[PDB]
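Trainee: Experimental structure and its sequence below.
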Amino acid sequence: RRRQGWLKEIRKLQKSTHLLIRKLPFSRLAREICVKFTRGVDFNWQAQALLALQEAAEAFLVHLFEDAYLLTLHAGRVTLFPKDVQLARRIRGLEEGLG
Amino acid sequence: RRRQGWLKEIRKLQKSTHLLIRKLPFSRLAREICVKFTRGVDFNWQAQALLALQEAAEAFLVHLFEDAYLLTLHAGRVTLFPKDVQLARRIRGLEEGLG
Amino acid sequence: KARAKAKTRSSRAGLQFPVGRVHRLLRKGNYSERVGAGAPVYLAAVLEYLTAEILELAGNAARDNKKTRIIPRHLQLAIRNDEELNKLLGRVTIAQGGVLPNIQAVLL
Amino acid sequence: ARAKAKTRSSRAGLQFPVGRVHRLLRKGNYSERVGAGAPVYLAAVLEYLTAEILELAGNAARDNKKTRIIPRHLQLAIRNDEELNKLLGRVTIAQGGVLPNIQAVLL
Amino acid sequence: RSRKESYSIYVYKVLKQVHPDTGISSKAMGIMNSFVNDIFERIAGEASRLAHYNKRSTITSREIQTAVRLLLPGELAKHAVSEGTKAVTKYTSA
Amino acid sequence: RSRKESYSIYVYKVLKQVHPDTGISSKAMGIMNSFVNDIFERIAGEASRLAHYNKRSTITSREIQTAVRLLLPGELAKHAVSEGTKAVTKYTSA
Amino acid sequence: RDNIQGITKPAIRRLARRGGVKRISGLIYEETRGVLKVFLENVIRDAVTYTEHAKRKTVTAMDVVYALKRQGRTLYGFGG
Amino acid sequence: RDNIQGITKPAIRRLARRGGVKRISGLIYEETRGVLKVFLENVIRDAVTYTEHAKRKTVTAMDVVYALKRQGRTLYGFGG
DNA sequence: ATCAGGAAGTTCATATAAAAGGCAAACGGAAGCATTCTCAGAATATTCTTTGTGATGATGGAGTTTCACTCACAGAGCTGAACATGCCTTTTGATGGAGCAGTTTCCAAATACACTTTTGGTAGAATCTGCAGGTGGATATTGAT
DNA sequence: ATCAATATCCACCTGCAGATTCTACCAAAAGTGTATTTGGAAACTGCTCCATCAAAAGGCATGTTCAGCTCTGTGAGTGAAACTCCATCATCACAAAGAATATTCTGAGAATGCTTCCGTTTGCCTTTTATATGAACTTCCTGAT
């Protein structure tokens, strides 16, 4: 016997505000990608830039899954496949879509 | 014994540059929708504005059907339904989508 | 001589936003060469109206959420539950705002 | 007496008018004062992008056996090219048409 | 330390004439402070462009009126225009 | 009739050295004219906000360089920067 | 006969063939007329606003181009 | 262990639940890691460009906000 | 593996609309000199970002079962493209015409400018309170009879 | 249709983080004359959009059929959520520390202002050419065999 709890997890995550990616595995990913653009020079990051970029890199992904799950429900499925996300990034376009 | 002609029609229309809606049935639709915003005063249009607005209104619809037909082929269909256009105007957003 | 005392031109118009500061920002921001004297008066009234438009709905959401002080989620809800503020603040993400509590109806 | 006048376009070796770019940066109200190297830089960048698009459009005209570039050829040249499609992304080119692209499932 | 001015004491006065028993936190003060700086440069950038398309040198009240009417959507640019007009017609009568 | 000046005689000079045996029709000259007037108002607007974020009064070549590097994507920017640096070096020499 | 009914079935069919549509449902011919009216309402409102600010009664080409430019639909070919 | 493997499985699941997703395929944990990398590569490049023009070595919050603002992703709360 | 017949590509001639070319004028870009003034540079305080290092409990990684879900397939029934036929909305074009926008002069009221004085807004203190976690009872699901 | 467990909701206590309130003071906003200039107003012209009429034919509206679909249901098999557990990793505190950002004063090279003069750019007739169009030929591609 196993009860469903996806319905109790979506509701407790839609009424909270806090960030859902842990702070340090994002805080070294951003400093890794920042190396390739400064020609090996390590820039310093402020403590309010690694939050003001995580607040946008999660508000992109949550809205991306909200716009791809409409495509998943459109095809008769319920399971979210990568061919849904790759389509929802194409319909949005060059600007709003990729990147 | 009948034959297909849609594949000959798509190819002969995608290599043309002219306009597909006739000139006068659009030139009176635009002048009717103008009256709802000018408080009964009849504005003049130029002849280069009723083409400048038709060139935009058809390049909107062609790209809308190109974005909706991906949704049609996405659900396993071939036939373009209105529930595809109503979703391609929802994923695009508030600006690029509706209107 | 008998130099008369100052009336602020926020108070000559009855606003709450600073017409002097808005005039200086329109003049220093390089928007045009001259700035007419009715333009900061018009623009400060528009900004006061929109600020009241949002803080009223945010106060109603904070009252509905059994609280006193307005937090950023009480602005997120106030903006996204409204058809003409969601259209204005459309491509705007509001930090610590959360999302709307949406579940698709076919799942339930 | 004065010396012979030399244009800044021919001094920098460009083709776009550095004088007109300087006047349109002053009269446009972008900032208070405008330096002397900014129009020389900006005219060079505008000449480069125009020389890019007029070469892809020339190739698309030559591939269609025509010696004059029509807006169809600019639509083709911009949309077939990966980064000019990303620059001119949200741009409709009038009397331009679409790219020939039939979905391969339908064939 | 530089002076670092803002709209923080004015958003508070507008809050405490529509909800006299309600406070606002620091981060929701910052969000309402960034909202005003956004709509300010949005309306001023539209009215800098109306008066450049038409070969003018002055941002008058009329440019701010039609820039409000372009930017603000629907039944909100019907109230904001009246809120600005009833401020200008009582500024000039003083 | 007014002056009505544009970029139509400069786009043609660029065409006569990227393809020496190829003319261009009138509407496809108006499109290149509109393209130049759009890229100009884009690069100069980004340079004007760059000069205004840092409290400068001057749009030098450095703001135009860091506005090309923000607008133009990919290899197109890295070619345009080296196309402009060559021209301002040749200008400051002569 | 109404004016939106002048956007006929061959016109919507022929725009759909340019977009690449193979078979076209019978209910789409009112959905396309519903979308076109919403687009024309959003563009002609700003065309008339830019006209009225300049004190004219003639909507020139630059006013429609400026109405399209500020919605993110930059139109090349009519002066700009 | 690459650093993009620090965007773990339950964090992607936890973002998709806030997005409202009932069931999640297992192949999406690489598509999401490939979309997040492209979003960060487009925002970090413009933040670094705004830093290098100002002759600094510290990436403030204003640089990130100006990078997000110009891609049409205006961020409120960090100074604007 | 074989023919039929229209579809599409070749190719040469030809009008003709459209692009290239020549010539004047006005206007604006350049040379030159006098003047201001912004900003790169040097010296200095001070803020705040990084790295370590330890403590530690919070949470993700790994593996195994079970059942809701995706996918291919077949068959019934709807429906959309194809075809025949008439006829009616588009289109050209054409001149009259009259509402209208672009041009030119003049001047007056609104806008800047410079100086002095008051005054409100920000920064830095002391001080008061909303709320988040905690503890514990009433109540609205979720089975399983 | 009914009893236990449980998840939800709520009633209340309080520590403290954070909002509120209280003060020097400084920049900046406002009042007062001065001067300059932008733009609303009127006259006028020449451009240009609306309206109408005849026609003419081409494209659209309507009916009908049939074959290519959409939809629903079924069953096989795949695969994702639930569950346990513990050890790895992120969080926090913190003393310092030290690079790098922020502030301040200086003068010089770069930018502006003004005058003159001359060379570029655009506008309007004039030719000359590329491209649409026609018309027959030839291939060739698709349905049939």
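Mentor: Received, thanks. Numbers count the residues shown, from 1 in each chain, chains lettered A, B, ... in the order given.
Trainee: Next one: the lengthiest helix in chain G, is it in contact with chain B?
Mentor: The single longest helix within chain G, with elements called by DSSP state H, is helix G:28-53. Yes. Applying Cβ under 8 Å from any Cβ of the partner chain, one finds helix G:28-53 touching chain B at G:28, G:31-32, G:35-45, G:47-48, G:51. C-beta: built from backbone N, CA, C; applies to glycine.
Trainee: Now list the buried members of those residues.
Mentor: Among the residues of helix G:28-53 next to chain B, the ones that count as buried by 16 or more other Cβ atoms under 10 Å in any protein chain shown are G:28, G:31-32, G:35-37, G:39-40, G:43-45, G:47-48, G:51.
Trainee: Using TSV, lay out those residues together with distance to residue E:25.
Mentor: Converted to TSV, these look like this (distance: Cβ to Cβ, whole Å):
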residue	distance to residue E:25
G:28	50
G:31	46
G:32	48
G:35	43
G:36	46
G:37	45
G:39	42
G:40	45
G:43	41
G:44	44
G:45	38
G:47	43
G:48	43
G:51	45
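Trainee: which residues does residue G:33 contact?
Mentor: Counting by Cβ atoms under 8 Å, 6 or more residues apart in numbering or on different chains, residue G:33 touches G:4, G:5, G:7, G:12.
Trainee: Filter those down to the buried ones.
Mentor: Neighbour counting with 16+ other Cβ under 10 Å marks G:4, G:7, G:12 as buried within the contacts of residue G:33.
Trainee: near chain B, from those?
Mentor: Among the buried ones among the contacts of residue G:33, the residues within reach of chain B (Cβ under 8 Å from any Cβ) are G:4, G:7.
Trainee: List the ones among the buried ones among the contacts of residue G:33 that fall in helices.
Mentor: The helices, defined by DSSP H, take in residue G:12 from those.
Trainee: Kindly indicate which of the buried ones among the contacts of residue G:33 lies nearest chain E.
Mentor: For the buried ones among the contacts of residue G:33, the minimum distance to chain E (Cβ to the nearest Cβ) is 21.9 Å, reached by residue G:4.
Trainee: ok, now how distant is the residue in chain G positioned nearest to chain A from residue D:47?
Mentor: Relative to chain A, the nearest point of chain G is residue G:72 (8.5 Å; Cβ to the nearest Cβ). Residue G:72 is 27 Å from residue D:47, where distance means Cβ to Cβ, to the nearest Å.
Trainee: These two: which has the busier surroundings?
Mentor: Set residue G:72 next to residue D:47 and count neighbours by other Cβ atoms under 10 Å in any protein chain shown: residue D:47 wins out with 23 against 13.
Trainee: show me the contacts for that one.
Mentor: D:14, D:15, D:16, F:14, F:83.
Trainee: helix, strand or coil for it?
Mentor: Here residue D:47 is recorded as helix under DSSP: H, G, I helix; E, B strand; the rest coil.
Trainee: Skipping adjacent residues, who's closest to it in space?
Mentor: residue D:16 (5.0 Å; Cβ to Cβ, 6 or more residues apart in numbering or on different chains).
Trainee: In chain G, what residue comes closest to DNA strand I?
Mentor: residue G:26 (2.6 Å; Cβ to the nearest atom of the strand).
Trainee: center of the chain - which residue?
Mentor: I went with chain A, as the question did not name one. residue A:61 (2.5 Å; Cα atoms, centre = their mean).
Trainee: Let me rephrase: I mean chain E.
Mentor: Note: chain E centre (Cα atoms, centre = their mean) maps to residue E:40, 5.7 Å.
Trainee: Please identify the helix or strand for that residue.
Mentor: If you go by DSSP states H and E, residue E:40 is part of helix E:26-53.
Trainee: Thanks a lot, see you next time.
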